[PDB]
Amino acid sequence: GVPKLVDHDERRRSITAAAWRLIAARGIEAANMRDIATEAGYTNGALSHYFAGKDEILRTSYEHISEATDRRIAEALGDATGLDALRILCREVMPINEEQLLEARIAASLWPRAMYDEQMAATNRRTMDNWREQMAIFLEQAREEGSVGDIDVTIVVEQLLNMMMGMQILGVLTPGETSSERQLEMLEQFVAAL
């Protein structure tokens, strides 16, 4: 049958699927294992079987939202190229709706943790680089199509990526000034300037 390692991974993924919104909504500090156990439909003992503590569940929550974002991008892209593809990707990454604001809350919480840890950092650098790579393809396409000028693709990718990572913070913390509509306008005006 399935190796125990794979089985335990599956269970962690299932528990995370059920718990990540609670962590996003309450924050990792207010979140506690007993409430997560309740919400995932597990006993306390069973939950401890799969997770060392809430820190590990924060890590897997970040894996969850990273994978979910990636899947939305892959499903939305179709045959898009250039700026059409870039807008599609950006709309999945930016916190432009309530589900994506919950994702932003998980990311914002994981980041300072990743600053002091390798395992916690690993899934992050890969996620960021995967997006950089796609963004660079799309921006080079735009450059060759003439939908943007003779841009410095590496620097433009970094500008946009940094802007969208800032949105995870400010879209949550200053939602008047960094509303969904404002985020979309910031993207449009940015690409217009290229």
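One-based numbering along the sequence shown.
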Compare the mean C-alpha B-factor of 92 to 100 with that of 73 to 81 as given in the PDB entry, and name the stretch with the higher value.
73 to 81
Per the PDB entry, mean CA B-factor is higher for 83 to 91 or 118 to 126, namely for 118 to 126
Return the residue from 37, 156, 65, 148 that has the highest Cα B-factor in the entry.
37
From 60, 141, 32, 134, residue of greatest CA B-factor
32
By its CA B factor, does residue 27 count among the lowest, middle or highest third of the modelled residues in the chain?
middle
Would you mind checking where the Cα B-factor of residue 47 ranks among the modelled residues of its chain, as the lowest, middle or highest third?
highest
Using the B-factor values recorded in the entry, state whether the Cα atom of residue 6 falls in the lowest, middle or highest third among the modelled residues of its chain.
middle
